[PDB]
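Notes follow once the structure below has been shown.
Only the coordinates and a few stated rules stand behind these numbers; no lab work does. Virtual Cβ from ideal backbone geometry, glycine too; neighbours counted across all protein chains shown.
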Amino acid sequence: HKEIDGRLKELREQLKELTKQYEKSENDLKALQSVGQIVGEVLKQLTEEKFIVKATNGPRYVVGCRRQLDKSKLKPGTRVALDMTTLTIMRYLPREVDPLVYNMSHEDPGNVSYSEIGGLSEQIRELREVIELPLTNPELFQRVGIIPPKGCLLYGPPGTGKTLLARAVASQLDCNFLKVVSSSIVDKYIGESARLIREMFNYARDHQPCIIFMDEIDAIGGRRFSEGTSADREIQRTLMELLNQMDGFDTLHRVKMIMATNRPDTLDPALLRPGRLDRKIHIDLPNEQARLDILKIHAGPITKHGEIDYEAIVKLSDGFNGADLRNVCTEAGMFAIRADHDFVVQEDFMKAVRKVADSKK
Amino acid sequence: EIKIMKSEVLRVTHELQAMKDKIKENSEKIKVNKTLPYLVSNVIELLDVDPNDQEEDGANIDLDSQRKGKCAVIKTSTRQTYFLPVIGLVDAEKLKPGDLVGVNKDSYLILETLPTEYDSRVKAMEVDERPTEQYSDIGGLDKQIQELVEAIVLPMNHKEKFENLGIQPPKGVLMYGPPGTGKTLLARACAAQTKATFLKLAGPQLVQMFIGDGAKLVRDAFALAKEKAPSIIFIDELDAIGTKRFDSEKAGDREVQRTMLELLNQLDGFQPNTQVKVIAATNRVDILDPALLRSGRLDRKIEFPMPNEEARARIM
Amino acid sequence: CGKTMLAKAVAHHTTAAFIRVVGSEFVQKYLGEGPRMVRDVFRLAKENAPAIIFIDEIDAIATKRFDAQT
């Protein structure tokens, strides 16, 4: 009597974990019996029993639909679930494009600071005034009655580092960055560049507001000259899409565009007009006071002695951007590790700056 | 009171056996579909709400492409897309938007998860797990060695020093000078010494007939590198990966440019890794194709020193 | 420059459908599975007249060897 109770609890707990797992495997079997689901879109509704579907078990078909399904689900032009031999409409669901996370790679708006390679500050302020203000009020623009921006272009030498200037910006605006890497848009398949861009653009309008950041367009850059269609047909395919969105009845309603270009010369004649690329901003080479600031923000986290004449280094230095000064700072820091001190001197900076200058174009 | 106890111990033993029989049955079932021919497929979209999507069309005349895919998709390699509802036979969170899955061509369900990465694992990626070179056995190369040792090897180890300073390491190195000096020999000696994997990439190899293929190849190279950590990616060329033209008409040569740009952005896109070390070399003496302004780009400069008579003697 | 807007403008007033046709998304690299959806599309438009057929940027399909680097 006594013994039985004691044994009973041990075997019951053991058996329960085993019975439960096993029971799941049985559910899985039930599923292998279950029928496959073919994807279709309805072209049109013929009769209450006949539908046009263009399926992918075979070709175009006229198909049936279950008499268990609602009339309210019949809606004009929708995505449908089809069977794989009965060829009937299992379900209806409302047509949106599929969302893209395989084409939307996420870079968070605050993995950096705009006081890191700040001192590029001034260009940040001009990009902010264009972009940032529409997001806060359309109302202010509206009273006057004036069309606001859609797109902005940054071009020039990537002395900031092309991507860095932009990335710093993304952080400040704190919005929904839909990121584009240009050479994943180009593919070796038919009509994928066209399909991809379009869906991507579609997703932005539902989801609005959103910024589409295009980094280094040069897969869009190329007006041809030998008038090929070698690879060159794809160049034409993509370019045409960019213009088609603008030429449309679409309005980038709260949709923002930022473009990056290394050298500008392959722009279209329709971009000069606003209503695609409104604003095109240049790089600007820092003033010595900016330069001091940039050197100062770099020097500040890292270890040092107790006395550095900042201005002297400012003098030697010219023709650099914030990324370009940063390297000199770190360069000085290597020489200190060599010297085995956490203590720097004026000399390391003088030499560092000259070392970088020579190496340069 | 006595009775109920003793029957419950017999009940529990009987229940285990019926459930035990069920699992047995499932095991054979799954196994049969594995024996090849078998369909591997690629999951494009993870998602598990909003079914239905579309593939294929009718005909007549006038040509514009279209393709779609949603809920969860697998695209099998006859180029067919399939809608499945998830199973616990493998977990969907463990799966990704871009994963290879093993599918049971019956109900079209994911029996299993396969490893990481798709398509080519580079069409000619040479791995040298331990090079046969040592630099302690060749003297008179000495000047170049002193600079090389100091450049690569020192950040990994000496990390503790770096951390206290607060400066970060490099990531790329440039070597320039007359080819065929046995510049490469020293690169192979450092790799042997350090305990990184040496990955040899040749620049015309990235170039393909196929359109956009190279960028995938480089991205993959980078990804394989991440897994291997540490690694040396040795890039031969800065001529077939060091041109991009500044010519106005340059469009035809777009392929070459796209790949080069891809490397530079792949470097600029994020903030460094201490899993990769990259060494770049020229193969024709000196070009200008900017790729050296940041240190997430290249920043270290190694020069070949002109021949010293003393050095030649030592080699002899 | 509004070259496009005038076209739409006459269409809106006149009482006939706007059909917007992409002529450089006619272009394709090889036959396969992809371009056959628009096949059915044009023919219905002819049937249920009136309509305005506007073809945007025909040229992708129109460049052929007349330069002889195509």
Task: At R0 = 41 Å, FRET efficiency that the Cβ-Cβ distance of C:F54 and A:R128 yields, to 0.05 - done: 0.55
Task: Counting DSSP beta bridges with both ends in the protein assembly as shown, the antiparallel % (nearest 5) - done: 45
Open item on the list: As a test of the definition: which semi-axes, in Å, follow for region B:249-310 when you take the square root of five times each eigenvalue of its alpha carbon gyration tensor? Largest first, please.
Closed with: 26, 20, 9
Open item on the list: Run the simple label-point estimate for B:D239 and A:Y61 please: 7 Å along Cα→C-beta, distance reported in nm.
Closed with: 6.0
Open item on the list: Can you tell me what share of the DSSP beta bridges in region A:1-120 is antiparallel? A percent to the nearest 5 is fine.
Closed with: 90
Open item on the list: For chain B, take the longest principal axis of its alpha carbons; what is the angle in degrees between that and the long axis of helix B:2-34, to the nearest 10 within 0 to 90?
Closed with: 50
Open item on the list: Are there any trypsin sites (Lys or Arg not before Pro) in region B:119-228 that are in a DSSP loop and have at most 16 other Cβ atoms within 10 Å? List them by number.
Closed with: B:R121, B:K123, B:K195
Task: Counted charge near B:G296, where neighbours are those whose Cβ lies closer than 14 Å (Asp, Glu -1; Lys, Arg +1) - done: +4
Task: Label-zone membership for region B:296-316, site B:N273, 7 angstrom Cα→C-beta point, backbone N under 19 Å - done: B:296-299
Open item on the list: With loop defined by DSSP as not H, G, I, E or B, and exposure as at most 16 other Cβ atoms within 10 Å, which is the longest segment of chain B clear of exposed chymotrypsin sites (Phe, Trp or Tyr not before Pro)?
Closed with: B:119-209
Open item on the list: Within 12 Å, Cβ to Cβ, of C:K29, how many net charges do the neighbouring residues add up to if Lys/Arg are +1 and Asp/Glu are -1?
Closed with: -1
- [ ] Please order A:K351, A:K9, A:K50, A:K162 by the number of other Cβ within 10 Å, starting at the fewest.
- [x] A:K9, A:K50, A:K351, A:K162
Task: Top of B:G166, B:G182, B:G58 by mean-square fluctuation, Gaussian network on chain B, Cα under 10 Å - done: B:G58
Open item on the list: Taking the beta-carbon count within 10 Å as an exposure proxy, list B:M125, B:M316, A:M90 from fewest neighbours to most.
Closed with: B:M316, B:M125, A:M90
Task: Residues in region A:257-300 that a label on A:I147 would reach, taking backbone N under 15 Å of a point 7 Å out along Cα→Cβ - done: A:270-279
Task: Choice from A:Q123, A:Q21, A:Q236 showing the highest fluctuation, given a GNM over chain A with Cα pairs closer than 10 Å - done: A:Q21
Task: Residue of A:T19, A:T160, A:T85 that the Gaussian network model of chain A assigns the largest fluctuation, springs spanning Cα pairs under 10 Å - done: A:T19
Task: Inter-centroid distance (Cα atoms) of region A:22-51 relative to region C:1-61, Å - done: 36
Task: Compactness of chain C - radius of gyration and Dmax, Cα, Å - done: 15.1, 44
Task: Span from the region B:221-259 Cα centroid across to the region A:55-88 one, whole angstrom - done: 48
- [ ] Could you let me know the centre-to-centre spacing of region B:149-173 and region A:155-201, using Cα atoms, in angstrom?
- [x] 32
Task: Antiparallel DSSP beta bridges within chain A, percent to nearest 5 - done: 45
TODO: Go through region A:258-358 and name the GluC sites (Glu not before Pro) that are in a DSSP coil and have 10 or fewer other Cβ atoms within 10 Å of their Cβ.
DONE: A:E307
Task: Calculated from backbone phi, Karplus (6.51, -1.76, 1.60) coupling profile of region B:304-313 in Hz, x at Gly/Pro - done: 7, x, 4, x, 9, 4, 4, 5, 4, 4
Open item on the list: I need A:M84, C:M37, A:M259 ordered by Cβ neighbour count within 10 Å, fewest first.
Closed with: A:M84, C:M37, A:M259
TODO: Please list the non-local residues whose amide H lies under 5 Å from the amide H of A:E216, H modeled 1.01 Å from N, same-chain partners needing a gap of 5 or more.
DONE: A:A260
Open item on the list: Relative contact order for region B:127-272: what percent, with Cα pairs under 8 Å and sequence separation of 6 or more?
Closed with: 27
TODO: Write down, largest first, the equivalent ellipsoid semi-axes of region B:84-223 in whole Å, where each equals the square root of 5 times an eigenvalue of the alpha-carbon gyration tensor.
DONE: 42, 21, 14
Task: Size of electric dipole in region A:158-300: Cβ of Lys, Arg +1 and of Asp, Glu -1, about Cα centre, debye, nearest 20 - done: 160
TODO: Give me the net charge of A:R291's neighbourhood, meaning all other residues with Cβ under 13 Å from the Cβ of A:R291; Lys, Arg count +1, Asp, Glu -1.
DONE: -4
Task: Nearest-0.05 FRET efficiency for A:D309 and A:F225, computed from C-beta distance (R0 56 Å) - done: 0.55
- [ ] Round to the nearest 10 and give me the degree value, 0 to 90, for the angle of helix C:3-14's Cα axis relative to the longest principal axis of chain C.
- [x] 40
TODO: Tell me the label-point distance for the pair B:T181, B:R312, using the 7 Å Cα-to-Cβ offset, in nm and rounded to one decimal.
DONE: 1.5
- [ ] Show the residues, 5+ positions off or on another chain, whose built amide H is closer than 5 Å to the amide H of A:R91.
- [x] A:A81
Open item on the list: With viscosity set to 1.002 mPa s at 20 °C, what whole-number translational diffusion coefficient in µm²/s follows for chain A from Stokes-Einstein and a Kirkwood radius over Cα pairs?
Closed with: 81
- [ ] Could you list, in their original order, any pairs among A:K30/A:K50; A:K315/A:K351; A:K24/B:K94; B:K195/B:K228; A:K355/B:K200 whose Cα atoms are separated by more than 22 Å?
- [x] A:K30/A:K50; A:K355/B:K200
Task: In degrees, nearest ten, helix B:183-194 long axis to first principal axis of chain B (Cα) - done: 50
Task: Base-10 log of normalised Debye intensity for the protein assembly as shown (one unit scatterer per alpha-carbon) at q = 0.08, 0.11 Å⁻¹ - done: -0.84, -1.31
Task: Rel. contact order, % - alpha carbon contacts under 8 angstrom, at least six apart, chain A - done: 16
TODO: Output the relative contact order of chain C, whole-number percent, from Cα pairs under 8 angstrom with separation of 6+ residues.
DONE: 44
